Structure formats: structure tokens, C-alpha cells
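First listed ligand is number 1; within each ligand, the first listed atom is number 1. Note that the numbering runs from 1 along the sequence shown for the chain. The analysis underlying the following values was restricted to heavy atoms, covering all of them including side chains, and did not include hydrogens, waters or symmetry mates.
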Amino acid sequence: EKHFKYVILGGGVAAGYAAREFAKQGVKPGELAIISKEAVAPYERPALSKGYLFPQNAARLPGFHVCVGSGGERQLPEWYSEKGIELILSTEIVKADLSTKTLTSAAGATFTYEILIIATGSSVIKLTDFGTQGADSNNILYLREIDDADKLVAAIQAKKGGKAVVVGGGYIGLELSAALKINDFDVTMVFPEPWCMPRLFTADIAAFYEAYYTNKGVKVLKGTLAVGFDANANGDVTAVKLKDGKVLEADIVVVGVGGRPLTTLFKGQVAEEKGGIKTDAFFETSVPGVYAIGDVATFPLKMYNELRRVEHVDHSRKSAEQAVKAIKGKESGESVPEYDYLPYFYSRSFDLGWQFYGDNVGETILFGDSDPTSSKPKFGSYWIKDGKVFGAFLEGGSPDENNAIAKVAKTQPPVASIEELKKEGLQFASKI
Ligand SMILES: Cc1cc2c(cc1C)N(C[C@H](O)[C@H](O)[C@H](O)COP(=O)(O)OP(=O)(O)OC[C@H]1O[C@@H](n3cnc4c(N)ncnc43)[C@H](O)[C@@H]1O)c1[nH]c(=O)[nH]c(=O)c1N2
Ligand SMILES: NC(=O)c1ccc[n+]([C@@H]2O[C@H](COP(=O)([O-])OP(=O)(O)OC[C@H]3O[C@@H](n4cnc5c(N)ncnc54)[C@H](O)[C@@H]3O)[C@@H](O)[C@H]2O)c1
């Protein structure tokens, strides 16, 4: 049994950014521990679907350890031990008892805390959840952690020059199809929805990327579903069978069909809301001294007066700082302001790069140049509900053009005329 005043459960992005805030708040040696099932100190997870997979000049640890992804300093394992912050790596907690403040690992080790910070992130939904035949064949890969990224880098070198199938049309589907393409793979994207990124992209935004990906040689099969996989004698995947009977040849298969908050250790012990652990504006759960941050928390999104859950890296960084300030603030009888978050999402693929700020509610208006064969495409979209701008998307924008649409999403300016908004386009944001 090891006791610590503060225990961060998980060693991902929120854990690393909470550790940075703890050091900034004068944490003392022996006070804080980070328990992680990963063998490495916290890192900027977004690099795993991008830089990590490049055929040349690839991103490797320790380069992308936190907090460099936000322009902060690198926190190598020594950053922690110099401060008396115990990193407990390769340790998976299989039981958590909030009533006795005890965490129990797979090997039966126990750890106690005074303050717990749940930062377990998201699970990887696997094709077994839909009873897909052959989903256990070798080379049917998923991407969540650095070990998955290493197994993917190796399968890429092994099957290079061959055929890849990507099941999923979300973030992983779009980013991984691009990764396999640049790695000399013949890629097919498969997903059941009528267009890519259905939870964010309109049919018009999606159509730009479908045409773009097609010209790069990526076959995008909309309205398609994988129902099985063929495998050879060694058990390696050889093909992907679709609901319509079409069979695609596959040397490697990559799947991105969503993630769920990794809350399994606390079911029945914390209040929940839409899959996540329900928190207040300071990330404290229904149990005093227990906080939940990043991907697992369903917190009040102040701007929209609703409880929301965000499974993106910007929120994992901002929520971590909020919970640590809330814990340290209470120790001095002080209160900190409520979390005031502006949902910020982004994706990168090929020579493209988009940003989204706010909420994708109401009706949309496409602006700019959305031609996929243009050398420098720049186009965006606005989301309008109740006469005001709620959301703003922009592909190919400059730093100041991205901050202009972010300003629009924060301030929710009124739209007296949609005809004028369509006519101004990106200038509506740049002016305001
Ligand atoms: C490959 C890939 C690529 C991207 C992204 C995700 C993925 C999977 N994201 C999403 C973003 O990385 C994500 O929102 C943050 O990692 C969330 O930070 P957390 O700390 O909440 O979870 P995160 O998953 O980072 O950390 C959870 C940690 O808890 C550990 N853990 C869980 N259960 C445990 C247990 N029982 N015992 C011990 N340890 C345990 C995990 O092993 C991990 O170390 C993204 N977002 C974005 O906006 N832009 C981007 O470009 C990307 N790119
Ligand atoms: N740039 C980024 O923001 C980025 C990049 C990579 C990963 N991520 C994060 O990592 C996590 C995993 O991403 P993801 O792409 O797996 O999730 P996702 O939620 O973005 O997309 C999964 C998509 O696959 C669809 N799908 C579900 N079942 C399917 C099936 N049987 N066949 C095909 N498609 C199916 C879903 O409806 C959804 O559209 C998420 O939390 C995501 O936000 C984010």
C-alpha cells in the first residue's frame, strides 16, 4: 500500500497537464502520484495518428511528451522525479473503491489517496461489439496509445506497397486513410453513413474531402458496412466482406469506430450523465475529493447552459488546469471561476487542415473556395440558430482567420441577413 495526498489515475494528456499545474501550485515531494498503464510518461496523443506515422521524419518520443503540443515545456520522466512526483507506469488499476479511497492494480498492489483525479480517457470501441466475424485476425489494428502506434508502424513496414482497408469515417478514418496513403498503400475507406464525419461535417464539407481523397487515390465507400473478414492459415486478415457482398482485398485493416469514456471502475460510485462522469464547473464528481477530467467528464458547458462531454485534446488540457486550480483553491479557502469552455476541434490530413469552434447547431452556410483541385483551397461554414452564429468551420485558414472564426463562435454575433452573411463569407468573421 502506497499513500499519496493526490493521485491522478491515468497517464495521458489531462494527467500530464494536471501535473504541470500541480508543480506551478507548489506541490511537494511525496504528495502527488500518477498511475498509468502506459510504459511512458504523458505525451501529446494527437501525434500518434499524424507525425508518428510518417514514412520519413516521423515523430518519436521523447519529442512529443506534454506540454510541447501547446507551446509549453517538455516533461520527460525526470521532470516528475526531480519534483518528487511519482510516475507509476505500466500499472493498470483493475478495482477502485471510492468509499475507502483505495485503488487496486492487476498484480494486487494497492494505492490510497486523499484527492483522486480520474483521467482515464476513452476506450477503443472494437468490431467485436457488433459481432463481426474474423475481427480477431492479425493486422486488424486500432489506434489509441503509443503501443498501438508502434504495432501500426511495424504492420505498415511489413505490408508496405499493399492494400489497406479503413473501417470508420470519423477522425481516425480520415487521418488514418491519409497516413496509409502517404505510406504507399492502396486505401479503401469504408463507413455506413452517407458522408464522412457525420457528427460534424455537412454533406457539402464532406464532399470536398471525398473528392480530395479520391484524387489522392483513396477509394471512399459511403453507405458501406464491414460484416466480416477473411483470414489465411497464419490468421492474418486477407479480405473485408461488405454488407452488399463486395469483398475488398486487405493486407492491413485499420478501424476507427468510436470511443467511450473509460468509467468502468466507478459504475455505481459516481453520478453519470450521457456515458460520462458528471462533474460541476470545477470538475468535481458527486464524491467529494474525486475529480474527473478530459474525455471522461460530463461538465457544464457554460456558454450553452448544458452538460457536455468533449473527447478532444484542447479540452483535456484546459480541464486539467481547472481541476488542479479548484483543488488548490479550496486548500486556501479560495474559489476559482467556473470553467468557461469554447469547444475547439481540428484535423489534419495530406496538405489540408481545418478548425471548428463552438456548436454545430442550426442551419449551415458554406463560404469561400471549396474546389478540391485548387492548389490552395480555403472555405468555411457558419452554423446559425435563433438569428445568431453558433458554430464556425474553416479549411485552409491563416492563424488570424482561425482566430476570427473562433471570435465569432465565442461572441455569437447576430445575423440580421443571411444574404449579407453569404456575400461577406470569411470577411464577416475578420471584420467583427
Ligand atoms: C490516435 C489519436 C489521435 C488524436 C486523438 C486521440 C487519438 C486516440 N485526439 C483526442 C485527444 O488526444 C484526447 O481528447 C485526449 O487524449 C484526452 O486526454 P485524457 O487525459 O482525458 O485521455 P488519454 O487517453 O490521453 O489518457 C488516459 C490515460 O489513462 C490511462 N488509463 C486508463 N485506464 C487506466 C487504468 N485502469 N489504470 C491506469 N491507467 C489507465 C490510459 O492508459 C492513458 O494513459 C485528438 N484530439 C484533437 O482535438 N486533435 C487531434 O489531432 C487528436 N488526435
Ligand atoms: N483530430 C481529432 O480530433 C482526432 C483524431 C483522431 C482521433 N480522435 C479522437 O479519438 C477517438 C476515436 O476516434 P474515432 O474516429 O474512432 O471516433 P469518431 O466518433 O470520431 O468516429 C467513429 C465513426 O465511425 C462510425 N462507425 C460506428 N460504427 C461503425 C461501423 N461498424 N463501421 C464503420 N463506421 C462505424 C461512427 O458512427 C463515427 O462516425 C475519439 O474520441 C476522437 O475524438 C480525434
Side-chain angles (χ1 to χ4, degrees), residues 8-18 34-53 66 69 88-96 103-106 117-127 129-130 132 135 142-149 152 166-176 179 189-193 195-198 200-201 221 224-227 243 254-265 292-297 309-317 319-320 343-349 353-356:
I8 296 170
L9 182 62
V13 192
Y17 277 85
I34 302 179
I35 302 176
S36 175
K37 62 179 190 69
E38 309 205 63
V40 292
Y43 55 78
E44 301 285 10
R45 190 164 318 283
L48 303 183
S49 59
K50 294 170 280 299
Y52 215 84
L53 310 177
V66 300
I88 304 179
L89 308 179
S90 292
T91 305
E92 184 180 358
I93 293 307
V94 301
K95 173 155 124 45
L103 302 172
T104 299
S105 82
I117 301 183
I118 312 172
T120 50
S122 293
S123 54
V124 183
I125 295 174
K126 302 209 168 180
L127 289 175
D129 260 41
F130 330 120
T132 315
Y142 298 87
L143 192 59
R144 180 70 202 179
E145 315 196 320
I146 193 141
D147 57 350
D148 305 325
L152 178 60
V166 168
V167 179
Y171 288 100
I172 297 277
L174 287 186
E175 295 190 1
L176 266 295
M189 270 205 77
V190 153
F191 54 90
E193 302 90 0
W195 60 81
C196 57
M197 298 274 303
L200 181 75
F201 281 5
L221 308 183
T224 287
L225 192 88
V227 293
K243 195 187 201 158
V254 183
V255 182
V257 301
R260 285 193 294 246
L262 210 39
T263 54
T264 184
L265 298 166
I293 61 174
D295 282 10
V296 301
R309 190 169 63 83
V310 180
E311 56 194 301
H312 297 283
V313 79
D314 182 49
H315 166 65
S316 72
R317 297 181 180 141
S319 61
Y344 159 36
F345 321 134
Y346 70 93
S347 189
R348 297 298 199 263
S349 70
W354 60 261
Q355 321 285 123
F356 173 94

**Q** Please report which non-hydrogen protein atom sits nearest to atom 25 (O) of ligand 1, along with the residue it belongs to and the distance in Å to one decimal place.
**A**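 Atom 25 (O) of ligand 1 sits closest to the protein heavy atom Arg45 NE, 2.9 Å.
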**Q** Taking a cutoff of less than 4.0 Å between a non-hydrogen atom of the residue and any ligand atom, is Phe345 in contact with ligand 2?
**A**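 No; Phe345 lies far enough from ligand 2 that no heavy-atom distance drops under 4.0 Å.
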**Q** Kindly write out the residues that satisfy salt bridge (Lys or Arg N to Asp or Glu O under 4.0 Å) with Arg260, not counting sequence neighbours, or none if the list is empty.
**A**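 Result, salt bridge (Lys or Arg N to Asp or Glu O under 4.0 Å) vs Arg260: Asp129.
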**Q** Tell me whether the rings of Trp354 and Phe201 are parallel (<30°), tilted (30 to 60°) or perpendicular (>60°).
**A**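 Correct class here is perpendicular.
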**Q** Between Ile172, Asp129, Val257, flag the one that comes closest to atom 29 (C) of ligand 2 by a heavy atom.
**A**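 Result: the heavy atom closest to atom 29 (C) of ligand 2 is in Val257.
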**Q** What residue and atom, counting heavy atoms only, is the protein's closest point to atom 27 (C) of ligand 1, and at what distance?
**A**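 Nearest neighbour among protein heavy atoms for atom 27 (C) of ligand 1, to 0.1 Å: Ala119 O, 3.2 Å.
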**Q** Out of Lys243, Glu193, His312, whose heavy atom sits nearest atom 25 (C) of ligand 2?
**A**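 Considering heavy atoms of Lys243, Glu193, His312, the nearest to atom 25 (C) of ligand 2 sits in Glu193.
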**Q** Does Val313 approach ligand 1 within less than 4.0 angstrom via side chain, backbone, both or neither, non-hydrogen atoms only?
**A**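 For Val313, the contact with ligand 1 is made by both the backbone and the side chain.
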**Q** Touching ligand 1 at all, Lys50? Heavy atoms, strictly under 4.0 Å?
**A**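 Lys50: in contact with ligand 1 (<4.0 Å).
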**Q** From atom 9 (C) of ligand 2, work out which of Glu311, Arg348, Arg309 has a heavy atom at the shortest distance.
**A**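 Comparing heavy atoms across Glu311, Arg348, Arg309, the nearest one to atom 9 (C) of ligand 2 lies in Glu311.
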**Q** For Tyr346, is at least one N or O under 3.5 Å away from an N or O on ligand 2?
**A**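 N/O-N/O distance under 3.5 Å: yes.
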**Q** Which part of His315 is near ligand 1, with near meaning a heavy atom under 4.0 Å away: side chain, backbone, both or neither?
**A**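 Answer for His315: neither.
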**Q** Give me the nearest non-hydrogen protein atom to atom 4 (C) of ligand 1 as residue plus atom name, then the distance to 0.1 Å.
**A**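 Its nearest protein heavy-atom neighbour is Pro46 CA, 3.6 Å.
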**Q** Taking only heavy atoms of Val167, which atoms of ligand 2 are found under 4.0 Å from at least one of them?
**A**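 Per the distance check, 32 (N), 33 (C).
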**Q** Distance check, rounded to the nearest 0.5 Å: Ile146 atom CD1 versus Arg45 atom CZ?
**A**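 Spacing of CD1 (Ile146) from CZ (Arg45) equals 9.0 Å.
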**Q** Donor-acceptor check, side chain of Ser316 to backbone of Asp314, threshold 3.5 angstrom: yes or no?
**A**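 Judged by distance alone, no pair lies under 3.5 Å.
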**Q** Tell me the closest heavy-atom pair linking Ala149 and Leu48, and the distance in Å.
**A**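 Looks like CB-CD2, 3.9 Å.
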**Q** Would you please determine whether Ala226 falls within less than 4.0 Å of ligand 2 on a heavy-atom basis?
**A**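 Flag not set, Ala226 not near ligand 2.
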**Q** Which option, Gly256, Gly121, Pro46, owns the non-hydrogen atom nearest atom 24 (O) of ligand 2?
**A**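 Going through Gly256, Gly121, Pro46 one by one, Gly256 has the nearest heavy atom to atom 24 (O) of ligand 2.
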**Q** For atom 24 (O) of ligand 1, what is the closest protein heavy atom, and at what distance to 0.1 Å?
**A**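 I find the closest protein heavy atom is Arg144 NH2, 2.7 Å.
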**Q** Please state which protein non-hydrogen atom is closest to atom 32 (C) of ligand 1 and give its distance, to 0.1 Å?
**A**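 The answer is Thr120 O, 3.3 Å.
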**Q** Relative to the heavy atoms of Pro192, which atoms of ligand 2 are at a distance of less than 4.0 Å?
**A**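 Those qualifying, in numeric order: 32 (N), 33 (C), 34 (N), 35 (C).
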**Q** Show the atoms of ligand 1 that are less than 4.0 angstrom away from any heavy atom in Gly294.
**A**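 Ligand 1 atoms under the 4.0 Å threshold to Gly294: 21 (O).
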**Q** Using distance alone, determine whether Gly258 and ligand 2 share an N or O pair under 3.5 Å.
**A**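 Such a contact does occur with ligand 2.
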**Q** Salt bridge or not between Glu44 and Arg317? Use side-chain N to carboxylate O under 4.0 Å.
**A**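 Yes, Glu44 and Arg317 are salt-bridged.
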**Q** Excluding sequence neighbours, so at least two apart, what forms side chain to side chain donor-acceptor pair (under 3.5 Å) with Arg144?
**A**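 Once residues adjacent in sequence are excluded, the partners of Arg144 under the side chain to side chain donor-acceptor pair (under 3.5 Å) criterion are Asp295.
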**Q** Find all atoms of ligand 2 within a distance of less than 4.0 Å from any non-hydrogen atom belonging to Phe130, and give their numbers and elements.
**A**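 Numbered from 1, ligand 2 contributes 28 (N), 31 (N).
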**Q** Looking only at distances, please establish whether an N/O atom of ligand 1 is found under 3.5 Å from an N/O atom of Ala14.
**A**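 N/O-N/O distance under 3.5 Å: yes.
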**Q** When you measure from atom 30 (C) of ligand 1 to every protein heavy atom, which one gives the shortest distance, and what is it?
**A**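 I find the closest protein heavy atom is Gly10 CA, 3.6 Å.
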**Q** Quick one: which of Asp147, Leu265, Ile93 has a heavy atom closest to atom 37 (N) of ligand 1?
**A**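 Selected option, by shortest heavy-atom distance: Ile93.
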**Q** Who's closest to atom 23 (C) of ligand 2 heavy-atom-wise, of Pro198, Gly170, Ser49, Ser349?
**A**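 Looking at heavy atoms only, the winner is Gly170.
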**Q** Looking at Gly11, which atoms of ligand 1 are within less than 4.0 Å of one of its heavy atoms?
**A**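 Counting atoms of ligand 1 from 1, those under 4.0 Å from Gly11 are 28 (C), 29 (O), 30 (C), 43 (C), 44 (O).
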**Q** Of the side chain and backbone of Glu145, name the one, both, or neither that has a heavy atom under 4.0 Å from an atom of ligand 1.
**A**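 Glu145 to ligand 1: side-chain contact only, backbone stays beyond 4.0 Å.
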**Q** How close do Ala297 and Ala292 get, heavy atom to heavy atom, and via which atoms?
**A**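 Looking at all heavy atoms of both residues, the shortest contact is CB-O, 3.4 Å.
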**Q** Does some non-hydrogen atom of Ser122 fall short of 4.0 Å from ligand 2?
**A**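 No heavy atom of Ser122 comes that close to ligand 2.
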**Q** Where does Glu175 meet ligand 2, judged by heavy-atom distances below 4.0 Å: at the side chain, the backbone, both, or neither?
**A**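 Contact part for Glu175 vs ligand 2: side chain (C-beta onward).
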**Q** Name the closest protein heavy atom to atom 26 (O) of ligand 1, giving the residue it belongs to and the distance to 0.1 Å.
**A**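 Protein heavy atom with the smallest distance to atom 26 (O) of ligand 1: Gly12 CA, 3.2 Å.
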**Q** Atom 13 (C) of ligand 1: which protein heavy atom is closest, and how many Å away?
**A**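 Residue, atom and distance for the closest contact: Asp295 OD1, 3.7 Å.
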**Q** Measure the CD1-CG distance between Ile293 and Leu9 for me, rounded to the nearest 0.5 Å.
**A**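 Going from the CD1 atom of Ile293 to the CG atom of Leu9 covers 10.5 Å.
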**Q** For side chain to side chain contact (heavy atoms under 4.5 Å, CB included), just list the numbers for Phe191 and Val166, CA-CA rounded to whole Å, side-chain angles, deciding distance to a tenth of an Å, and then say yes or no.
**A** CA-CA 8 Å; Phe191 54 90; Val166 168; over 6 Å; no
**Q** Is atom 9 (N) of ligand 1 touching the protein, meaning some protein heavy atom lies under 4.0 Å away?
**A**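 False for atom 9 (N) of ligand 1.
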**Q** Determine the interplanar angle of the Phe345 and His312 rings, folded into 0 to 90°, and report it as parallel if under 30°, tilted if 30 to 60°, perpendicular if over 60°.
**A**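 Taking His312 first and then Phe345, their aromatic rings sit tilted (interplane angle of 30° to 60°).
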**Q** When you measure from atom 43 (C) of ligand 1 to each heavy atom in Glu38, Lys37, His312, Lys95, which option holds the nearest one?
**A**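 Selected option, by shortest heavy-atom distance: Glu38.
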**Q** Are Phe130 and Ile125 close enough, and set up right, to give a side chain to side chain contact (heavy atoms under 4.5 Å, CB included), and what steps lead you there?
**A** CA-CA 10 Å; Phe130 330 120; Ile125 295 174; 4.0 Å; yes
**Q** How close do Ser49 and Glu175 get, heavy atom to heavy atom, and via which atoms?
**A**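 Scanning both residues, the minimum pair turns out to be OG-OE1, 2.6 Å.
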**Q** When rounded to the nearest 0.5 angstrom, what is the spacing between CG in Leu176 and CG in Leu143?
**A**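 So the CG of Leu176 and the CG of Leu143 are separated by 5.5 Å.
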